[PDB]
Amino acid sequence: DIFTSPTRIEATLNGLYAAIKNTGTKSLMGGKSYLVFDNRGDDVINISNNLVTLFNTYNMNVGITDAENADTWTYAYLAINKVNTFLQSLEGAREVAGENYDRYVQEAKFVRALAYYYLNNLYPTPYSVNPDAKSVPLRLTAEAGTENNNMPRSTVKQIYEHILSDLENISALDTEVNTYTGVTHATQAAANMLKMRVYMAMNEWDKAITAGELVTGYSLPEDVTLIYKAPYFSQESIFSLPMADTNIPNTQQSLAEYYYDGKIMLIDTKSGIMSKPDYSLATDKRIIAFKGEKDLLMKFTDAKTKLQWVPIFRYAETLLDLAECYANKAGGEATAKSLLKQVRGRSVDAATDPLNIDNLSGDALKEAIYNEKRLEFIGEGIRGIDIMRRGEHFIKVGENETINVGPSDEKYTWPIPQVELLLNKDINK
């Protein structure tokens, strides 16, 4: 814990990655807080009728005392404070760190950047609607006391701008493809993926392209099932949260526990992506692999071991994000189409595809990219972010009720939770 050796520095660094995943009793992006982003979306449905298993998130009804709100807040800020403390301790251990000092700093900053990024996609009105919308307190000092709980919220723009600062120097980060360490520590590719996501949320299509075009060395394997079974990564995998028998999430906190038995999450086959005929083709690899009997999503179904890794960034995302950027750029349509074709062609045979990608333009092209992203990333912690960053309504047409929540509605966002309101007297200043 005192940084007297490299192995002690690295143990604490690995604790940063654990802190954004889950603890022994609660979960963040390795469990329920990743599931939050699918529940906010419109491609799966939550039929649990149980607030303990994210029903209020799905129904766009999260209040100041909901468990998922308190937990996301508490564990994100715990992870952030661990990074702040790590960075301060590392400053006093420069010689012990030796040539690896910069990598350790830049990795720790990536973890803080990721934590803030997820908070910025729950609490504020999106930047695309209002860049001055209040988001969350920007806590950047190592704090062992309650001395500094009082702090105003920074804006959605300010949070993004700080994230960009934490990602500004990445040249000491690793660059390995298809190794445990390359997928489970932040690489330059991982940092650039986050930078791309941030710039897209700000409509900075050119800066997003520059970041995402730096992601090199990955590919799209022909088998779409590789990343959900041993060794839980492939040549497509950029960054994931790994699991081990001794650190899996507790009861009803893992991904697999939400999908495996049909009692919580199902595929929305009435109105979501897999209700659309071009995105439910019987010979699509993703439909064959993942569209289960009784509408179970078959990506994460090992609830016995819970060992499946949580995929944060993979290369199909790089391509579809780049496709979206180029579709928003004057003269970019030909490139957008070629990028879309790479991803769709991996799963859907072009010779018999009802979608003629070469003839898409304007709105039809954008919609094809949005729909491909919906099918490719069903269940992967993304859908509710794409809806929100674009300032779109969350529209969920069910048999007996329709959810329709837009940016002028209070329930578009999560409110600052009671855990914070009790301690922070400046929260509304």
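Each residue number is its position in the shown sequence, starting from 1.
Novice: Which wins on mean Cα temperature factor, 288-296 or 178-186?
Specialist: Higher mean C-alpha B-factor in the PDB entry: 288-296.
Novice: Quick check: 141-149 versus 120-128, which has the larger average CA B-factor in the record?
Specialist: Stretch with the greater average CA B-factor: 141-149.
Novice: Select one of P231, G345, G217, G212: the residue whose C-alpha shows the highest B-factor in the crystal structure entry.
Specialist: In the PDB entry, the greatest C-alpha B-factor among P231, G345, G217, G212 is found at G217.
Novice: Going by the deposited entry, which of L307, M193, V156, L87 has the highest CA temperature factor?
Specialist: Of the candidates given, the C-alpha B-factor peaks at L87.
Novice: Going by the entry, which third of its chain does the Cα temperature factor of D386 land in?
Specialist: CA B-factor rank for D386: middle third.
Novice: Going by the CA temperature factor in the PDB record, which third of the chain does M243 belong to: lowest, middle or highest?
Specialist: Its C-alpha B-factor, which the entry lists for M243, ranks in the lowest third among residues of this chain.
Novice: Looking at the temperature factor on the CA atom of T65, which third of the chain's modelled residues does it land in?
Specialist: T65: CA B-factor falls in the highest third of its chain.
Novice: Within this chain's modelled residues, let me know which third the CA B factor of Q252 belongs to: lowest, middle or highest.
Specialist: Highest third of the chain for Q252's C-alpha B-factor.
Novice: Classify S171 as lowest, middle or highest third according to the C-alpha B-factor given in the PDB entry, relative to its own chain.
Specialist: As the PDB entry reports it, the C-alpha B-factor of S171 lands in the highest third of its chain.
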